[PDB]
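**Q** got a sequence here, can you build the structure:
(8 chains)
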Amino acid sequence: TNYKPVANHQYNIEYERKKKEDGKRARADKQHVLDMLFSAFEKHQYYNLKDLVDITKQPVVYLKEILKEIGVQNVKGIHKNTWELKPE
Amino acid sequence: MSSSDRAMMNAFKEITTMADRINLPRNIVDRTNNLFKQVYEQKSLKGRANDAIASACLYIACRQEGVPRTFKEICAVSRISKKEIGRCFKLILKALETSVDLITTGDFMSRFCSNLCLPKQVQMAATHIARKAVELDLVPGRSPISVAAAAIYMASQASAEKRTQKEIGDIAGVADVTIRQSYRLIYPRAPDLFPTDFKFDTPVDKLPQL
Amino acid sequence: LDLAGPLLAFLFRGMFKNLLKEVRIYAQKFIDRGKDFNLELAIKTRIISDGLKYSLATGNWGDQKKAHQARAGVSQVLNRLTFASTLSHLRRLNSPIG
Amino acid sequence: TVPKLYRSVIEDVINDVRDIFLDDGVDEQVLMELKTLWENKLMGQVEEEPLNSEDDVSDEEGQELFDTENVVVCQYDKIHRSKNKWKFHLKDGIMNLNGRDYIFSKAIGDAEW
Amino acid sequence: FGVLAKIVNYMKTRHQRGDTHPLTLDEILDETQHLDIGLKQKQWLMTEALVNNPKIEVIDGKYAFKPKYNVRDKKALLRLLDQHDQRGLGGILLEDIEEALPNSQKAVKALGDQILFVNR
Amino acid sequence: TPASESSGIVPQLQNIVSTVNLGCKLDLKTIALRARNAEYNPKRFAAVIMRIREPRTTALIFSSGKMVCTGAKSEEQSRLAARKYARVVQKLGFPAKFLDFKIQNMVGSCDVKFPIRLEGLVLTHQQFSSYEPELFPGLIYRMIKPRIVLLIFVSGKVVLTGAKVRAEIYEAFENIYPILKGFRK
Amino acid sequence: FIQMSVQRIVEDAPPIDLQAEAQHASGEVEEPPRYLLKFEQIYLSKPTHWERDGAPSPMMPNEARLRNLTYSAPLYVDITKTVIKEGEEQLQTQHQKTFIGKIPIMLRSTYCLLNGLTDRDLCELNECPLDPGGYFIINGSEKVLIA
Amino acid sequence: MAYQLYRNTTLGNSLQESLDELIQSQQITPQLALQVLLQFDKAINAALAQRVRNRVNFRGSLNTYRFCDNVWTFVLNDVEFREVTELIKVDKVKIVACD
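**A** Numbering: from 1, shown residues only, chains lettered A, B, ... in the order given. Okay, here it is:
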């Protein structure tokens, strides 16, 4: 018979990791994020929103506010909310 | 043509998959299925994880069948923290407006002694030891399972079927020091706590100390 | 002549493929979270167990949801009219009836 | 033994930048001047607005800048507090106490506030 | 592209902030403390980037507005709007805020005056 | 005739929680910087945590300007600290105020000095009393009279909280003590 | 079949390994995590039944008839967990011994422990000495495979 | 991330002053001073991870504290650094603790 661990082990393991850092970070970046945008878009004209979320450490809704500010977006013929910098 | 129930529908498969892991009687599971259905129908707690509710339904049914299983055990078959199960449990008691029952040590004398393959005489002796101890409130603090395990320990220590606290501790899940403390609380009455129908393998005087 | 062993192994083989994939579905969940692995939690023993309960009880042969039509009535309740009737039941032989 | 270690670093840092000095086309005697200069350097209210009716519980901040304090710089491993009881777990530190210089690899502390 | 988007955005920002006057590339570098972008890049930005921009306005030796060419007219765009013969090209709510002031206070009065809004 | 057949053991109040608005938006980063005895980490929480040795309660300074006072032994002391907190924030250079001050929570405790049979108690008052030895060693009594929560322990110790009025602790305790005496072991 | 065939399937292809997603750009995490699973001997308990108290008991085929239970035994397995975690900690192994199921057993099987008992033992069990079985008991009902 | 802060020390400053002199005497280029300082930074970090081994215990009541950008800055008073030979009591000490 297998021991009951009062809390899910992996969840518990998840806990040691979880307590280290949060995704709830600050917005002192109406600037550092655009600079990073030049870096990414220098490699390709357009990127997926999730991938844009990966470089960032901020809420998507806030991120949505930024991508609207210097760009527009697509379905790129692939439905996916893909964003790119404004050609104009 | 049924998206609303699909998490509930899946929850009962997961209830069944949770009852599966430890060979639970279906009557218990059925009430459990009925309990969830009821909890689902309220929807007041829709802001809660289904698997916790299923697990809490499960803890309740065992108590409703007069044979509770420890959250520790219930945790073994689920990802939900004992805390969240307890939390959800309270919510269900409030949700379904129904009372519960207090635990008894003897209800776990069976399987643990079974897991140790201890003979009924030791098993029954432990139960008296436990029963006498609680009637006298010799241990107004320690969890009854912790108290029961030490009684079992004492009993096992009163028979040839002696076992180390760590093995017992391992089976009950309680800390080996907690048994050690609980033992210290029951030890003063080790001799008189035994049932009148018993055959020592070791004198109470020769009962170890820790 | 078809017997229980090669037949059971076929279900055993199929359910194991079902079981292997079901655990793999957890493995997909495991990579999804990236949270530590749990072997006992992925387990769904009953699936095969209950699956076998059907084949054994009804005499039917398959996943019932799909393949089963060509293998109905593999297995039946023992006859106890006489011991000889019973022994006859134990030793009876059948065919795909063409 | 500790002052020796400090030297080891002095030798190691100077030597390891030597090649950089060369890359600038700078003479190694200048490097020796660097070391030489360096070594020599070594040795009540009744309204929601009249808040000022509560003035002065704060003390003087100029207590914090006169180098009355010797300085310490170190990474921290763990900080703990219990209402007024503080606990500190520190590592890899540079201390400068009474003009003297010290170093440590690990530090554990306790404090009340 | 990013730098240009940064240049446009800064120019927009400083203008909103109060600097309602034509600027230069050098003046932007200077004010942004990014002057050390390299003469080559500096030059390429000045005589190709601010040339490939399709809406950049050469006032003389100073670049002007790309998104809003109209003056700080603020309230009243009635003369343009009334033109039902061409619907009035009317103005975008974004364009109106860009023009001078937030729309809402003006709009509340305008809703009972001469302006109607569709969410479309 | 006494109000209760048992009466007293002075349930002493031990903690008060209050909140107040400084009437202005603040920059906690600056505050954290300026303060000599406060902590702040946006990665952990959006407010500054400040403490004073005189009040010994701790304050929570939201960017909104709202503040929380904790640790105080009395509503006044909570008010005093919060007022004391509000001045220094002002003294940092901010237009802090004492707008909308109110008590948020009060905590009391006492000992009945005798053991009681919780089994009977959780049985007889399941509607209100609540306990689980597998959960927590203390019995939880949620009184509704004055909406008070009590915590009842095997040793006879009791804790009361959720109060915004000190009398309610006395009152909640005045109702529960006789009952407890009737549940003496 | 019990002795080898199920085991041959267990001998066949149960080992599986799984590798986590790379999740690009994370940094310098050396490469996506990876996990492997390994299996050894399969184990079978004697026919037994778990009473509502959660405790086990011997499954008497006579008991199976009365309580209308399905004659079955626990099936157990040696399981191994094995990390080519694609990290510096390659070859780190973790052992399991896992309950996989309850297999219904043929009467008079080798595992039908009554098979050694005398007629006198069988009558002591209230079993019929001229009842060789050879058919399963499912939900207390007798079931025979037709060839 | 490399800790530039360790350049703001006697060790770091005596280097920088000696280097600044070398810049005043123009015996080196400012770029050279930067690379050497950068190397010194890398070198001093390494020495901490390697040559350093000694640990110390300390006690002292907290006088003041501050925290921002994952760096704590305290100032404690009546502090006592404890070592088997170099016991050191101090009226006040400033503590900077980077992450």
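**Q** CA atoms for contacts and neighbours, from now on please.
**A** Noted.
**Q** mind listing the strands for chain D?
**A** Secondary structure of chain D (DSSP state E): strands at D:70-82, D:85-97, D:100-112.
**Q** tell me how many other residues crowd residue 69.
**A** Just so you know, I chose chain A. 14 (other Cα atoms under 10 Å in any protein chain shown).
**Q** please refer instead to chain H.
**A** 12.
**Q** repeat for residue B:162
**A** So residue B:162, with other Cα under 10 Å, has 17 neighbours.
**Q** in chain C, which spans are helices?
**A** C:4-33, C:39-42, C:45-58, C:83-91 (DSSP state H).
**Q** can you list the domain ranges for chain F.
**A** F:6-17+F:104-185, F:18-103 (CATH domains of a matching chain).
**Q** is chain B within reach of the first one?
**A** To tie it back to what came earlier, the one meant is domain F:6-17+F:104-185. Yes. Against chain B, domain F:6-17+F:104-185 shows contacts by Cα under 8 Å from any Cα of the partner chain at F:119, F:126, F:133, F:134, F:135, F:137, F:154.
**Q** about what we covered before: most tightly packed of the domains of chain F?
**A** Comparing those by mean neighbour count (mean count of other Cα atoms under 10 Å in any protein chain shown), domain F:18-103 comes out on top with a mean of 20.
**Q** quick one, what contacts the residue in chain A that chain H sits nearest to?
**A** For chain A and chain H, the shortest gap (Cα to the nearest Cα) falls at residue A:26, measuring 11.0 Å. Residues in contact with residue A:26 (Cα atoms under 8 Å, 6 or more residues apart in numbering or on different chains) are A:58, F:42, F:43.
**Q** against residue F:70, how distant is the closest residue to chain D within chain F?
**A** Using Cα to the nearest Cα, residue F:98 is the residue of chain F that sits closest to chain D, at 4.3 Å. Distance from residue F:98 to residue F:70, counting by Cα to Cα, to the nearest Å: 16 Å.
**Q** again, but for residue B:83
**A** 27 Å.
**Q** what residues go with each domain of chain B?
**A** B:2-99, B:100-207.
**Q** so what would you say the end-to-end distance of the longest one is?
**A** The separation between the terminal residues of domain B:100-207, taken as Cα to Cα, is 38 Å.
**Q** tell me how far that domain lies from the chain's centre.
**A** How far domain B:100-207 lies from its chain's middle: 14 Å, per Cα atoms, centre = their mean, to the nearest Å.
**Q** tell me who's in contact with the closest residue to chain E within chain B.
**A** When scored by Cα to the nearest Cα, chain B has residue B:3 as its residue closest to chain E, at 32.4 Å. Listed by Cα under 8 Å, 6+ apart, the contact set of residue B:3 is empty.
**Q** same deal with the one 4 residues further on?
**A** For residue B:7, the contact set (Cα under 8 Å, 6+ apart) comprises residue B:50.
**Q** what's the distance between it and residue B:36?
**A** For residue B:7 relative to residue B:36 (Cα to Cα), the value is 11 Å.
**Q** equivalent analysis for residue H:90, please.
**A** 66 Å.
**Q** between those two, which one's more packed in?
**A** Set residue H:90 next to residue B:36 and count neighbours by other Cα under 10 Å: residue B:36 wins out with 24 against 17.
**Q** the spatially closest residue to residue B:99 that is not a sequence neighbour: neighbour count?
**A** In space, and not counting its chain neighbours, residue B:99 is closest to residue B:93: 7.0 Å by Cα to Cα, 6 or more residues apart in numbering or on different chains. Close neighbours of residue B:93, defined as other Cα under 10 Å, add up to 14.
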